[PDB]
Structures are given as structure tokens and as C-alpha cells.
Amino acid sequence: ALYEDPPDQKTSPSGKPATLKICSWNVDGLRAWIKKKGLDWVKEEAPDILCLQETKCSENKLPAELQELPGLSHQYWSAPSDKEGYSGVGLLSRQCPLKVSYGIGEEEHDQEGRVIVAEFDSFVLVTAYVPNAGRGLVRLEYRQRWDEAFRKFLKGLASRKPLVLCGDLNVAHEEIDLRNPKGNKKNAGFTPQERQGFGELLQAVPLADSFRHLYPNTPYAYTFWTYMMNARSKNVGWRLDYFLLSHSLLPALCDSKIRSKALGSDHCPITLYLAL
């Protein structure tokens, strides 16, 4: 059926109020997103950090609009080495980061403008747009190598600070994260492989799926629908966009939300509340 995201639990497990609001969103064309009034929604939601994926836009072609955009003064972008109009991500922050890193530190996996690291005082934040296993699973082979590297770099990372990873992970973890599971079991995004990966990643690093940590059994809660075949109309979507918390931060987690009613892409923005 349809999903109604619950109201915002702005208090910790321990009564301490939320201090830190990170928002994440696969934009799918940053210029079209802004033309489609997405930045309005950003302004009204007033996050402390905004992460975007699928920006499909190069550094200089970046629009003027997000220059004026206040409260998200520090802005960082990666966009692929040699392929224009493709991929790209960006991280905007109200407060200034301690240190910003691009890519995951392997050549093979750092050429498509997918990953921004940003270390803050008490945590480190990664935003990524995981590569699609490709239609016809033509790039499935690659993405098993991506996953294994993303893992071993995310594990190294968490070893030092506690981390929040957000972004589009291109994996529909379980059959509850998919409107049509059985008609998708070797479509990309729900292969035995990619769900296998997600599982390794949660057990490897380790990381909790914050949405499923608070709503382990809510169905029909989705983050993406194809513009085709009326997919968002019937909410026949997926859950592709996660907030993957280190276990240290589980006592800081106040809520984890999915802002379905927010138009402008084929994805909807998600939103994390922590007490930090």
C-alpha cells in the first residue's frame, strides 16, 4: 500500500535532544533537481548537513543558486575523472569539517566521483552513490569488487572514529525493502550478490541499518521509484538510501526518517537525527 513516515522523535534513547541533523538525497540531476524546486525543500528542512548523490554536473557548471544557500556554507564535490554528466556527489555543511577526503583510496574505485569522506569532531561521515550493477547485470562483476573494497575501507575508517555512512547504496537489503521482490531476484539491486554484500558490510565494520533498527517490521517504506509505469503513484518502489550507523552511535540515534512527500527526483530525501 502506502507509507506514512511517523513524526520526528527528536530525543535520544537517553532523553538528550537531537543536536545534529544530516539529510541525504539522490538528486538525479542537480540542475533539474533545483529547477524542480528541490532547494526550497532543503531550506525548509534546514538540515545541519546535506548530502547529494547523482548530481550529474561538473564543478564549474554548478548552479549559482547554492552559492547563496545559507547554513550549508562549506561545500564539497566529486565528479568523475573523465565522464561528464555522470554520477557525482556533494556534501554541504553548516559547520566546517575537520578534514575532507575524496574516494575510498583505491584507483579502480575512485574514478566515478562517488565518495566524499568528512571527519567532524566526534564522528566521520561518508556519502556515496554506489555503482549500479547495471541493467542486464552487465556491471554486476565490477560491483562485487566495489563492495569488498568499500567494506575494507569503511572498516578501517570506523576503527578510528565512529562513522555515519549515508547515500545511495543501490542495494535492496531484504524483501521488505522492495515492493516486488520475487519479480526482481536477478534484476540489479536485488541480486543474491548485492544483498549478500550489504549483509557482509553490516557484520563486517560493523554497522546498523538505522531505519530498520527503529522500524524492523514496517513494510512499504521506500526511497526510490522509477519515473516509468506510474511507479511512485502506486508506491511500487525500493529502499536504496540508507543511514548506516556504527554501533557506538546507536545510543545517539533519535530517529531516522524517509521524506516521501518530497518531489524532484526518482528518490526521496532521507533524514537522520542524532544526539552528539
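Position 1 is the first residue in the sequence shown; the rest follow in order.
Practice problem: For the higher mean C-alpha B factor in the entry, choose 58-66 or 206-214. | Solution: 58-66 has the higher mean C-alpha B-factor.
Exercise. Could you check the entry and say whether 68-76 or 90-98 has the higher mean CA B-factor?
Key: So the stretch with the higher mean C-alpha B-factor is 68-76.
Self-check item: Highest recorded Cα temperature factor - choice among 221, 244, 240, 50
Solution: If I rank 221, 244, 240, 50 by C-alpha B-factor, first place goes to 221.
Practice problem: Report the third (lowest, middle or highest) to which the CA temperature factor of residue 141 belongs, ranking only the modelled residues of the same chain. | Solution: Highest third, going by the recorded CA B-factors of the chain.
Practice problem: Within this chain's modelled residues, let me know which third the CA B factor of residue 161 belongs to: lowest, middle or highest. | Solution: Its C-alpha B-factor, which the entry lists for residue 161, ranks in the middle third among residues of this chain.
Exercise. Consider only the C-alpha atoms of the modelled residues in this chain, order them by B-factor as the entry records it, and name the third containing residue 103: lowest, middle or highest.
Key: For residue 103, the deposited C-alpha B-factor lands in the lowest third.
Quiz item: Where does residue 168 sit by CA temperature factor within its chain: lowest, middle or highest third?
Solution: Its C-alpha B-factor belongs to the lowest third of this chain's values.
Quiz item: Among the chain's modelled residues, which third holds the C-alpha B-factor of residue 133?
Solution: Ranked within chain, residue 133 CA B lands in the highest tercile.
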